Amino acid sequence: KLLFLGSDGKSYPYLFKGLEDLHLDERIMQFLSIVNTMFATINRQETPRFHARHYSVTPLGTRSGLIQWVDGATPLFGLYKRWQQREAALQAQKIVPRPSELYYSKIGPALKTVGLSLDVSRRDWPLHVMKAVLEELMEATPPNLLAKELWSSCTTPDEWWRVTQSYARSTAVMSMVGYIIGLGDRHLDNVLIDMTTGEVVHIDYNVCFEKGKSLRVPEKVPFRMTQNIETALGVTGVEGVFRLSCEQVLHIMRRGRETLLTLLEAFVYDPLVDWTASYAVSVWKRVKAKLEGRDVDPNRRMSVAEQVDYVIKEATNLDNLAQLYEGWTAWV
Amino acid sequence: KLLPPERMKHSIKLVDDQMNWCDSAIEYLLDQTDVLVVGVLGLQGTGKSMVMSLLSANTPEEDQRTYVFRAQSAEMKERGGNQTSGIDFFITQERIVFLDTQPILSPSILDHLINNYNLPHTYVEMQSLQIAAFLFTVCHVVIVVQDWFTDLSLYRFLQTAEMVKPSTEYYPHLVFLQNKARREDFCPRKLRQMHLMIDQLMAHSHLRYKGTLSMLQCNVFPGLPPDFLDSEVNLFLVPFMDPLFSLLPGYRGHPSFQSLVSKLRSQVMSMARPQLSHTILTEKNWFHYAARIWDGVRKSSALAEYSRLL
Amino acid sequence: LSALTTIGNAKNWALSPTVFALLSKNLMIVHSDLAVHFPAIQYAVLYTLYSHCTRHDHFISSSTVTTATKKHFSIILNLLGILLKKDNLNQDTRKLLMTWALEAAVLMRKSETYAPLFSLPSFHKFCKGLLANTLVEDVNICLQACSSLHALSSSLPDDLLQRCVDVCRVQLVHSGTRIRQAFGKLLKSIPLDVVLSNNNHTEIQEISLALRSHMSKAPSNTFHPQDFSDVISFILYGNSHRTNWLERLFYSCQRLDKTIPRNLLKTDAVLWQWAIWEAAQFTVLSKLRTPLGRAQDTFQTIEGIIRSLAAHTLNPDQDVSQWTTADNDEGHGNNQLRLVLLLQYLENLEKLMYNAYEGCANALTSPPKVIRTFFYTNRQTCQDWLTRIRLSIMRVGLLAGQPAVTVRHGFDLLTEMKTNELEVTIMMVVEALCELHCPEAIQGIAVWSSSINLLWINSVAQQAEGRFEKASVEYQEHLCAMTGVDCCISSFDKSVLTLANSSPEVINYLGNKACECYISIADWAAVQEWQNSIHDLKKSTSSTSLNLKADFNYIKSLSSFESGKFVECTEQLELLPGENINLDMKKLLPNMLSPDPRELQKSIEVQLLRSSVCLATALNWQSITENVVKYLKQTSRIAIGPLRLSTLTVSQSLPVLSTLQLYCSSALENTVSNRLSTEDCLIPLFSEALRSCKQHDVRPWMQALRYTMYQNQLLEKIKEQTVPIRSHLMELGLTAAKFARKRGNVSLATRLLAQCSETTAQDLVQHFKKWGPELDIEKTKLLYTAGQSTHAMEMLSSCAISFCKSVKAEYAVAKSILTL
Ligand SMILES: CCN(CC)S(=O)(=O)c1cc(Nc2nccc(-c3ccnc(-c4ccc(NC(=O)NC)cc4)c3)n2)ccc1Cl
Ligand SMILES: O=P(O)(O)O[C@H]1[C@H](OP(=O)(O)O)[C@H](OP(=O)(O)O)[C@H](OP(=O)(O)O)[C@@H](OP(=O)(O)O)[C@H]1OP(=O)(O)O
Ligand SMILES: Nc1ncnc2c1ncn2[C@@H]1O[C@H](COP(=O)(O)OP(=O)(O)OP(=O)(O)O)[C@@H](O)[C@H]1O
Ligand SMILES: [Mg+2]
């Protein structure tokens with residue numbers, strides 16, 4: 001991490017990246033900018049702006065790279081860490097365990113009681129055991145970690161309402177963009193919240209284009225729809241501004257999918273992009289199928305409302321959140 | 001059932017002109033804590049009364065005939081006499097105590113005492129020392145007003161007064177106010193000399209005359225960097241009373257009088273309030289403590305020792 | 001430098017280094033570093049340059065001698081902009097620069113031949129410098145900058161006007177008096193297409209950032225009990241017992257031994273927020289042992305006041321002491337201010353209590369161990385008290401016109417109720433959301449509640465979007481299906497309208513909403529029919545609980561005024577409360593006035609109507625103008641209350657009704673003194689709002705049309721030359737018609753089209769088949785929206801045929817062909 005000074009005496013930090021190609025990140029950022037450009041017209045008659053926060057990255061050859069630094073954003077893992085510290089301090093009167101240790105402390109006795117052991121492979125594990133462990137873990141972490149944070153970070157009720165609406169719209173836009181692209185590995189350290197405006201910004205754009213399904217522990221959820229995220233949207237949940245915003249975003253993307261497909265095709269035929277790090281053709285076909293609405297169907301074309309409902313249901317069922325990586329923190 | 005006790009319209013006399021206590025300020029005091037005490041010191045025509053009035057409950061646009069602290073009149077200047085006598089008392093609505101003070105070593109008091117110790121000359125000096133010590137032991141801050149720069153005799157008097165004070169030692173903050181400033185005195189070159197002289201003339205004063213009330217940070221000098229001064233002491237300057245091209249006013253070279261007065265008032269009000277004795281005190285407790293201190297200072301021993309030396 | 005004036009001030013010397021170039025480019029080092037240690041040299045150089053330039057009219061005519069001075073004005077403007085943009089200037093230098101800038105500006109618009117000089121970049125730099133030099137500690141400098149900006153208000157781009165709007169908004173609430181009036185006039189001189197824009201305000205953002213930074217800091221524990229007592233006395237009773245006291249209090253509450261910007265210390269909004277936060281912090285940190293009483297005494301007092309306000313909200317005929325009666329027009333605004341401060345104080349208290357018993361992360365500092373250990377054991381009592389007073393808090397928030405407070409409280413109450421007060425909470429939350437124009441939240445709540453009879457929420461959701469016709473039809477259908485008797489009234493075809501777009505409390509709410517819906521679209525006949533139907537239903541059902549809360553006298557007065565019958569309008573107005581009709585000025589508003597903004601808006605409208613009828617009767621010059629001008633001036637001064645209150649909180653927007661009322665009052669004040677002889681007597685609502693004000697309903701244009709038709713009719717009683725209002729009226733009517741059609745209001749759109757052209761589908765077809773092309777296109781669009789697509793397409797084709805042989809045919813032929 002470095003620091004630069006401009007003509008206006010402004011501090012512009014950056015970050016170095018060696019031995020890691022950043023050619024794909026530049027294309028991803030360009031795609032995000034093009035997508036955000038489509039919301040210019042709809043932003044003229046709507047208080048919550050339809051924008052997707054992103055940074056700029058520039059490669060310095062084949063392995064080096066300079067990534068911009070975004071300040072003012074706080075990661076979501078900080079809230080959980082602070083809550084754990086506060087709970088430990090309160091319990092002491094009358095360090096904190098890591099997510100892996102905490103998860104194992106509960107998955108051990110359950111497996112021992114059901115008849116299996118920790119030596120068994122993760123794939124050959126009962127579903128009821130994992131579901132019970134997840135339910136027991138969620139009952140301990142309160143869902144007001146993010147809602148109360150935004151409420152306390154404001155000054156007046158009007159400001160609170162404005163930031164709440166902006167946060168809901170930003171979350172919906174980011175979720176739809178991630179689902180279309182196929183971004184994965186969205187843990188608490190890869191999501192940042194801006195207390196000044198309530199917008200959400202991502203960080204690591206590495207596991208994308210449906211790359212998390214081939215890992216050691218595949219993930220099926222399209223985006224992160226944890227308990228805290230849902231509670232921070234209000235009492236309604238995902239049936240208020242979130243659903244409408246998602247539908248509007250999908251309508252905008254589907255109306256102008258020609259330019260997105262052309263940009264993706266151009267990205268595929270790029271000699272400076274290292275896809276392996278016919279794969280590009282498969283990725284383009286998957287993106288085209290998702291945009292056309294035929295995500296999971298032989299020939300039936302799902303509508304915008306049906307697609308939103310199916311995606312939301314697939315990202316909230318307990319059958320998919322239990323069988324996930326320990327570091328993903330599905331209980332907070 | 002929570003209305004304020006009362007509002008003071010004019011300052012009262014805390015100490016009679018005969019160096020006698022006047023217990024008549026308890027009617028306007030409460031049982032609240034964290035009180036601030038401000039005192040003033042200066043020569044005869046420096047303008048301590050006007051400064052105290054403008055800093056307590058007055059505005060420059062108001063008239064001098066309705067000030068909280070009586071000021072010198074035009075008919076009095078021609079006779080070369082003083083106006084303020086004894087010690088005054090006044091408390092604003094913010095529970096801030098202001099204490100006035102008669103001129104020290106002024107010829108008016110001497111002349112008035114001529115037609116009324118070995119000679120009637122050391123009495124004025126001792127009265128001035130008594131007032132200085134009292135203000136240095138029962139006040140949170142003391143402001144010294146100087147008509148002209150470098151009198152060369154006020155520093156020695158201040159050191160002597162602090163050396164003969166009544167009594168983990170407490171030393172109130174000292175503020176150097178230069179009244180009736182001119183354009184020549186509002187230059188960085190002269191400012192450096194002023195600060196250097198003030199610092200070198202009070203190297204072993206033991207008082208807090210630096211690190212607080214820095215006019216450099218009060219936007220007085222826009223492009224003057226803080227490093228330009230070796231040691232910025234607490235010194236403030238107060239100026240004298242204050243188709244389209246032809247209507248341009250004259251060039252003064254110094255900020256407006258109202259702006260500087262407001263800045264000085266804000267800085268004085270936003271100052272610290274350290275503890276005086278080894279216990280917490282309230283308004284009534286502070287009044288009783290001040291009365292006891294004055295009584296002890298009157299019948300003190302160090303004063304007699306200094307008296308036999310003159 | 002002084003000796004050089006002999007040749008510098010010559011009256012017409014061909015030397016190599018020109019005096020202008022020597023004092024403007026050669027001596028450029030005096031402004032870098034010499035201006036800090038030796039400002040006299042810089043002042044002398046600037047003074048001689050100004051004296052030399054003022055004798056040649058700043059070289060405007062030129063922009064031998066003429067050719068040599070062909071680039072002097074640009075250099076002068078660039079120099080002024082660069083110098084003003086600096087932050088290391090002296091008082092004398094800044095004053096001289098401001099005087100020079102003001103002289104140059106006033107000079108700029110005098111000619112009608114200097115228009116091209118507004119496109120060069122130096123002008124933009126000069127404007128930027130003027131805008132960046134305001135908002136300073138000096139008052140005279142700010143006044144000079146405001147006057148200069150107000151001089152050449154026109155000819156500026158949208159960026160400069162947008163920044164000026166934010167500057168005026170932040171300066172509207174100042175401790176002084178001249179600054180407020182100057183900025184108010186400057187703001188009034190800006191068109192509505194920019195004031196009502198949804199652009200972000202930078203000044204408001206900085207204010208919010210400063211407040212957030214101060215709140216995130218550790219507690220100071222310097223707020224004395226006397227300060228808290230004074231604040232409480234001024235909020236609950238209105239008597240502060242202190243003779244600019246906020247700044248003095250803030251300064252006295254600071255410490256130098258142990259960081260809000262100084263320029264922001266002159267604003268009353270920041271000081272009020274700081275005082276409220278400090279009071280809440282003192283109350284929480286003192287174990288609720290405030291001088292007001294014991295721990296329970298404060299809770300009982302707040303509960304009693306909130307309950308009294310809630311009870312008064314149900315029935316306006318209550319006359320709450322110290323909250324509804326004032327002594328003049330100044331106390332009325334103070335009442336609303338006190339109520340807003342009370343709500344903010346309650347919110348801050350709740351935040352502090354939550355942080356005390358639970359804690360935050362990177363937002364608020366953890367309180368001491370004693371405070372936490374005390375609030376942890378007594379958390380249940382606090383939660384119970386908050387839940388018990390939440391119902392009343394919602395009503396109080398709704399009365400004060402603060403839907404955010406009631407929405408937040410309703411959400412918290414709904415969340416706490418995880419186990420017959422469920423319907424009232426949903427009703428209040430729905431109404432609050434409708435006031436904020438958030439149909440998505442309403443739909444979400446409807447869907448959420450459907451999983452627990454409550455199908456009428458969709459009607460309010462549709463109404464929040466601006467569809468009054470569909471909302472009213474749905475309201476009537478729901479009332480008829482829930483009551484059992486036919487409560488329908490005459491209206492437009494249900495099929496065409498749809499194609500285009502059991503408790504007494506619920507019945508009363510639906511009836512009141514329908515009445516308000518009819519009043520919004522300005523349908524007097526519909527209101528009368530609805531009233532008759534409501535009376536018949538109540539008499540045939542013995543409800544004994546339904547009662548419309550709307551003064552019918554005001555509606556009758558509005559109908560009479562709009563119809564042109566001033567004789568009956570005066571008689572109707574003679575019964576309304578308040579001061580008598582003009583034939584004393586400070587106390588215009590009547591006593592026993594509730595703090596509800598609706599009442600204030602009604603009073604302002606009544607005053608405007610009284611002034612209009614008085615002027616019309618007096619006309620058919622200081623005979624009846626000395627009093628009307630004062631009346632309008634007071635009305636305009638009182639109408640600025642809501643705008644000033646909006647700045648107290650970080651709202652990022654301004655009310656539309658209040659802004660329009662203020663603009664209408666200003667227009668009337670200008671027309672009474674000018675007799676329709678200047679362009680300043682017209683409303684600034686132009687067609688430019690079509691592409692920048694699409695987030696507003698059709699109500700904004702109703703007031704503009706109501707006050708414009710009056711002037712149009714009054715034009716027939718003036719013999720002297722006047723301003724052309726026909727074009728303005730036609731443009732305003734067309735824009736309103738487009739806005740109404742976009743929302744499906746076919747009934748109102750038909751009326752607007754008929755008025756501009758001077759209940760069945762066939763009626764529109766048989767009645768319709770500079771502003772010519774626009775009117776034809778609008779008619780075709782309306783016909784298409786009504787369902788007759790073939791007729792609309794045929795008419796558009798014919799219009800295109802006739803437009804192809806026109807003179808310009810630039811924005812008409814292309815638009816018609818694209819639409820077809
Ligand atoms: C609390 C600890 N933190 C969170 C982890 S943090 O880093 O310290 C922090 C981060 C921000 N925000 C921020 N802004 C700009 C950039 C990054 C950032 C950080 C780390 N990695 C990347 C990264 C890496 C690899 C690739 N590329 C590929 O993977 N494949 C091609 C792309 C991006 C980017 N983060 C704000 C505050 C803080 Cl505290
Ligand atoms: O009535 P107008 O002022 O002429 O607006 C029309 C049109 O309105 P309609 O949908 O009622 O025909 C659309 O306005 P919005 O729906 O965005 O509010 C807009 O875009 P769409 O037609 O795609 O909806 C655009 O029409 P276009 O984009 O084809 O140019 C615009 O026309 P103008 O910009 O030429 O005025
Ligand atoms: N800054 C100033 N500019 C102009 N005139 C001033 C200024 N300060 C004081 N004066 C005037 O000069 C005189 C100074 O006497 P003032 O009443 O201010 O108090 P003083 O000199 O401390 O009095 P005392 O003689 O009691 O010590 C008054 O007439 C006052 O109006
Ligand atoms: Mg005096």
# chains A, B, ... in the order shown; residues from 1 in each chain; ligands from 1
>>> closest_atom_pairs(of="chain A", to="chain C", cutoff="6 Å", atoms="only C-alpha atoms", output="tab-separated table")
residue	atom	partner	partner_atom	distance
A:45	CA	C:695	CA	4.8
A:153	CA	C:363	CA	5.8
A:157	CA	C:404	CA	5.4
A:158	CA	C:404	CA	5.7
A:159	CA	C:650	CA	6.0
A:236	CA	C:444	CA	5.8
A:239	CA	C:444	CA	4.9
A:240	CA	C:444	CA	3.6
A:241	CA	C:440	CA	5.2
>>> write_last_selection(atoms="N, CA, C and O atoms", output="compact mmCIF listing (two decimals), in the first residue's frame")
# COMPACT_ATOMS: atom_id res chain seq x y z
N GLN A 45 -35.43 10.40 -12.54
CA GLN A 45 -36.72 10.50 -11.86
C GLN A 45 -36.82 9.49 -10.72
O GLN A 45 -37.86 8.84 -10.53
N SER A 153 -25.39 5.27 12.90
CA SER A 153 -24.47 6.10 12.13
C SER A 153 -25.13 7.35 11.55
O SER A 153 -24.42 8.23 11.06
N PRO A 157 -33.89 11.38 11.35
CA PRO A 157 -34.70 10.32 10.73
C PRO A 157 -34.73 10.40 9.21
O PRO A 157 -34.75 9.35 8.55
N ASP A 158 -34.74 11.61 8.64
CA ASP A 158 -34.76 11.73 7.19
C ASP A 158 -33.50 11.12 6.60
O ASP A 158 -33.55 10.41 5.58
N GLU A 159 -32.35 11.38 7.23
CA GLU A 159 -31.10 10.83 6.74
C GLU A 159 -31.12 9.31 6.85
O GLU A 159 -30.62 8.61 5.96
N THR A 236 -40.10 -5.51 6.03
CA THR A 236 -40.66 -6.22 4.88
C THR A 236 -39.75 -7.35 4.43
O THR A 236 -40.21 -8.45 4.12
N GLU A 239 -39.48 -8.38 -0.01
CA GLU A 239 -40.72 -8.20 -0.75
C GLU A 239 -41.07 -6.74 -0.98
O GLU A 239 -42.11 -6.46 -1.58
N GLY A 240 -40.23 -5.80 -0.54
CA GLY A 240 -40.52 -4.39 -0.74
C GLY A 240 -39.75 -3.75 -1.88
O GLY A 240 -40.04 -4.00 -3.05
N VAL A 241 -38.78 -2.90 -1.53
CA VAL A 241 -37.98 -2.22 -2.54
C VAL A 241 -36.95 -3.14 -3.18
O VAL A 241 -36.57 -2.93 -4.34
>>> interface_residues(of="chain B", to="chain C", cutoff="7 Å", atoms="only C-alpha atoms", output="ChimeraX atom specification")
/B:2,94,187-188,212,222-224,244,251,253,255,266,269-272
>>> write_last_selection(atoms="C-alpha atoms", output="tab-separated table (two decimals), in the first residue's frame")
chain	number	residue	atom	x	y	z
B	2	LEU	CA	-37.00	25.59	36.59
B	94	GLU	CA	-23.30	31.25	30.99
B	187	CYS	CA	3.12	42.69	10.56
B	188	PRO	CA	4.81	39.26	10.80
B	212	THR	CA	-2.99	28.30	24.73
B	222	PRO	CA	-4.18	33.68	6.55
B	223	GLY	CA	-0.86	32.73	4.97
B	224	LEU	CA	1.39	32.75	8.04
B	244	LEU	CA	-18.00	52.22	-6.75
B	251	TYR	CA	-6.67	51.09	4.02
B	253	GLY	CA	-4.05	47.03	7.38
B	255	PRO	CA	-8.90	43.31	10.82
B	266	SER	CA	-14.86	33.16	21.90
B	269	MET	CA	-14.96	31.52	26.82
B	270	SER	CA	-13.55	28.30	25.31
B	271	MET	CA	-10.68	28.15	27.82
B	272	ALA	CA	-9.93	25.47	30.40
>>> atom_distance(atom1="atom CA of residue 222 of chain A", atom2="atom CA of residue 207 of chain A")
12.3 Å
>>> residues_near_ligand(ligand="ligand 2", cutoff="9 Å", atoms="only C-alpha atoms and all ligand atoms", output="list in words")
residues 41, 42 and 45 of chain A; 690, 691, 694, 735, 738, 739, 741, 742, 777, 778, 781, 785, 811, 814, 815, 818 and 819 of chain C
>>> write_last_selection(atoms="N, CA and C atoms", output="CSV table (one decimal), in the first residue's frame")
chain,number,residue,atom,x,y,z
A,41,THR,N,-30.5,7.2,-17.6
A,41,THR,CA,-31.8,7.7,-17.9
A,41,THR,C,-32.8,7.5,-16.7
A,42,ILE,N,-32.8,6.2,-16.1
A,42,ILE,CA,-33.7,5.9,-15.0
A,42,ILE,C,-33.3,6.7,-13.7
A,45,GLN,N,-35.4,10.4,-12.5
A,45,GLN,CA,-36.7,10.5,-11.9
A,45,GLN,C,-36.8,9.5,-10.7
C,690,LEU,N,-40.0,19.2,-17.7
C,690,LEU,CA,-40.4,17.9,-18.3
C,690,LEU,C,-39.3,16.9,-18.2
C,691,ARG,N,-38.1,17.3,-18.4
C,691,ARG,CA,-36.9,16.4,-18.4
C,691,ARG,C,-36.1,16.5,-17.1
C,694,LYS,N,-39.6,14.8,-13.3
C,694,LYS,CA,-40.5,13.7,-13.5
C,694,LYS,C,-40.9,12.9,-12.3
C,735,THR,N,-47.8,21.6,-20.3
C,735,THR,CA,-46.9,20.8,-19.5
C,735,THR,C,-47.7,20.0,-18.4
C,738,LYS,N,-49.5,17.1,-20.0
C,738,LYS,CA,-48.6,16.0,-20.3
C,738,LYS,C,-48.4,15.2,-19.0
C,739,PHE,N,-48.1,15.9,-17.9
C,739,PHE,CA,-47.9,15.3,-16.6
C,739,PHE,C,-49.1,14.5,-16.2
C,741,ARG,N,-51.5,13.2,-18.1
C,741,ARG,CA,-51.7,12.0,-19.0
C,741,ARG,C,-50.7,10.9,-18.7
C,742,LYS,N,-49.4,11.3,-18.3
C,742,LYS,CA,-48.4,10.3,-18.0
C,742,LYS,C,-48.8,9.4,-16.8
C,777,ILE,N,-49.7,16.8,-31.0
C,777,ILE,CA,-49.0,15.6,-30.5
C,777,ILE,C,-49.6,15.1,-29.1
C,778,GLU,N,-49.9,16.1,-28.3
C,778,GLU,CA,-50.5,15.8,-27.0
C,778,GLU,C,-51.9,15.2,-27.1
C,781,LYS,N,-51.5,11.6,-28.3
C,781,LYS,CA,-51.1,10.8,-27.2
C,781,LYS,C,-52.2,10.5,-26.2
C,785,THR,N,-53.8,6.8,-25.3
C,785,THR,CA,-53.9,6.4,-23.9
C,785,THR,C,-55.3,6.0,-23.5
C,811,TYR,N,-38.3,19.8,-34.7
C,811,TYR,CA,-38.6,18.9,-33.6
C,811,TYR,C,-40.0,18.3,-33.6
C,814,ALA,N,-39.9,14.9,-36.9
C,814,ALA,CA,-39.1,13.8,-36.3
C,814,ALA,C,-39.9,13.1,-35.2
C,815,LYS,N,-40.4,13.9,-34.2
C,815,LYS,CA,-41.1,13.4,-33.1
C,815,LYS,C,-42.4,12.6,-33.5
C,818,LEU,N,-41.3,9.3,-35.3
C,818,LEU,CA,-40.8,8.3,-34.3
C,818,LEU,C,-42.0,7.7,-33.5
C,819,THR,N,-42.9,8.6,-33.0
C,819,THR,CA,-44.0,8.1,-32.2
C,819,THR,C,-44.9,7.2,-33.0
>>> residues_near_ligand(ligand="ligand 3", cutoff="6 Å", atoms="only C-alpha atoms and all ligand atoms", output="CSV table (one decimal) with N, CA, C and O atoms, in the first residue's frame")
chain,number,residue,atom,x,y,z
B,44,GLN,N,-3.5,52.9,33.9
B,44,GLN,CA,-4.6,53.8,34.1
B,44,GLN,C,-5.5,53.9,32.8
B,44,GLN,O,-6.7,53.6,32.9
B,45,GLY,N,-5.0,54.4,31.7
B,45,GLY,CA,-5.8,54.5,30.5
B,45,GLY,C,-5.7,53.4,29.5
B,45,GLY,O,-6.0,53.6,28.3
B,46,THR,N,-5.3,52.2,29.9
B,46,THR,CA,-5.3,51.0,29.0
B,46,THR,C,-6.6,50.7,28.4
B,46,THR,O,-6.8,50.4,27.2
B,47,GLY,N,-7.7,50.7,29.2
B,47,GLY,CA,-9.0,50.4,28.8
B,47,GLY,C,-9.5,49.0,29.2
B,47,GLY,O,-10.1,48.2,28.5
B,48,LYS,N,-9.2,48.7,30.5
B,48,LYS,CA,-9.6,47.4,31.1
B,48,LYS,C,-11.1,47.3,31.2
B,48,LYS,O,-11.8,46.3,30.9
B,49,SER,N,-11.8,48.4,31.7
B,49,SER,CA,-13.2,48.4,31.9
B,49,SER,C,-14.0,48.2,30.6
B,49,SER,O,-14.9,47.4,30.5
B,50,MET,N,-13.5,48.8,29.5
B,50,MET,CA,-14.2,48.7,28.2
B,50,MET,C,-14.0,47.2,27.7
B,50,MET,O,-15.0,46.7,27.2
B,71,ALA,N,-17.1,53.2,32.4
B,71,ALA,CA,-15.9,53.6,31.6
B,71,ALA,C,-15.6,55.0,31.8
B,71,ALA,O,-16.4,55.8,32.4
B,72,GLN,N,-14.4,55.4,31.5
B,72,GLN,CA,-14.0,56.8,31.6
B,72,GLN,C,-14.8,57.7,30.7
B,72,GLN,O,-15.0,57.4,29.5
B,73,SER,N,-15.2,58.9,31.2
B,73,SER,CA,-16.0,59.9,30.5
B,73,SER,C,-15.0,60.9,29.9
B,73,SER,O,-13.9,61.0,30.2
B,82,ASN,N,-8.9,58.7,37.4
B,82,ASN,CA,-9.3,57.4,37.2
B,82,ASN,C,-10.8,57.3,37.4
B,82,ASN,O,-11.4,58.1,38.0
B,83,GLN,N,-11.4,56.2,36.9
B,83,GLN,CA,-12.8,55.9,37.0
B,83,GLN,C,-13.1,54.7,37.8
B,83,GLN,O,-13.9,54.8,38.8
B,84,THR,N,-12.5,53.5,37.5
B,84,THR,CA,-12.8,52.3,38.3
B,84,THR,C,-12.1,52.4,39.6
B,84,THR,O,-10.9,52.8,39.7
B,102,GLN,N,-9.0,48.1,39.5
B,102,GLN,CA,-8.6,49.5,39.4
B,102,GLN,C,-7.2,49.6,38.8
B,102,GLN,O,-6.4,48.6,38.9
B,103,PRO,N,-6.8,50.7,38.3
B,103,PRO,CA,-5.4,50.8,37.7
B,103,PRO,C,-4.4,50.7,38.8
B,103,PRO,O,-4.6,51.0,40.0
B,179,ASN,N,-3.8,46.7,23.6
B,179,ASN,CA,-4.9,47.6,23.2
B,179,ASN,C,-4.4,48.8,22.4
B,179,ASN,O,-3.2,49.2,22.6
B,180,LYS,N,-5.2,49.3,21.6
B,180,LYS,CA,-4.9,50.4,20.7
B,180,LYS,C,-3.8,50.1,19.8
B,180,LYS,O,-2.8,50.9,19.6
B,239,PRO,N,-7.4,46.5,18.1
B,239,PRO,CA,-7.2,47.8,17.4
B,239,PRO,C,-8.0,49.0,18.0
B,239,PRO,O,-8.7,48.8,18.9
B,240,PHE,N,-7.8,50.1,17.4
B,240,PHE,CA,-8.5,51.4,17.8
B,240,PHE,C,-9.9,51.3,17.3
B,240,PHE,O,-10.2,50.6,16.3
B,241,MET,N,-10.8,52.2,17.9
B,241,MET,CA,-12.2,52.2,17.4
B,241,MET,C,-12.3,52.5,16.0
B,241,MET,O,-11.6,53.4,15.4
>>> residues_near_ligand(ligand="ligand 1", cutoff="9 Å", atoms="only C-alpha atoms and all ligand atoms", output="VMD selection string")
chain A and resid 14 to 15 17 20 to 26 54 to 57 67 to 78 188 to 192 201 to 207
>>> residues_around(residues="segment 245-251 of chain A", least_positions_apart="2", cutoff="8 Å", atoms="only C-alpha atoms", output="PyMOL selection string")
chain A and resi 169+172-173+176+241-243+253-255+304-305+308
>>> atom_distance(atom1="atom CA of residue 646 of chain C", atom2="atom CA of residue 346 of chain C")
18.7 Å
>>> residues_around(residues="segment 761-764 of chain C", least_positions_apart="2", cutoff="10 Å", atoms="only C-alpha atoms", output="PyMOL selection string")
chain C and resi 492-493+495-496+750+759+766-769+779+782-783+786-788
>>> select_by_dssp(residues="segment 169-298 of chain C", states="helix (DSSP H, G or I)", output="JSON, numbers by chain")
{"C": [169, 170, 171, 178, 179, 180, 181, 182, 183, 184, 185, 186, 187, 188, 192, 193, 194, 195, 202, 203, 204, 205, 206, 207, 208, 209, 210, 211, 212, 213, 214, 215, 216, 225, 226, 227, 228, 229, 230, 231, 232, 233, 234, 235, 236, 237, 245, 246, 247, 248, 249, 250, 251, 252, 262, 263, 264, 265, 266, 268, 269, 270, 271, 272, 273, 274, 275, 276, 277, 278, 279, 280, 281, 282, 283, 284, 285, 295, 296, 297, 298]}
>>> residues_around(residues="segment 156-173 of chain B", least_positions_apart="4", cutoff="10 Å", atoms="only C-alpha atoms", output="JSON, numbers by chain")
{"B": [38, 104, 125, 126, 128, 129, 130, 131, 132, 133, 134, 135, 136, 137, 138, 139, 140, 141, 142, 143, 144, 152, 201, 202, 204, 205, 206, 207, 208, 209, 210, 212, 213, 234, 271, 272, 273, 274, 275, 276, 277, 278, 293, 294, 296, 297, 298, 300, 301, 302, 303, 305, 306]}
>>> residues_around(residues="residue 225 of chain A", least_positions_apart="2", cutoff="10 Å", atoms="only C-alpha atoms", output="count of residues only")
18
>>> residues_around(residues="residue 177 of chain C", least_positions_apart="6", cutoff="12 Å", atoms="only C-alpha atoms", output="NGL selection string")
:C and (139 or 143 or 171 or 183-184 or 244 or 266)
>>> atom_distance(atom1="atom CA of residue 160 of chain A", atom2="atom CA of residue 396 of chain C")
18.7 Å
>>> select_by_dssp(residues="segment 140-326 of chain A", states="strand (DSSP E or B)", output="list in words")
residues 191, 192, 193, 194, 200, 201 and 202 of chain A
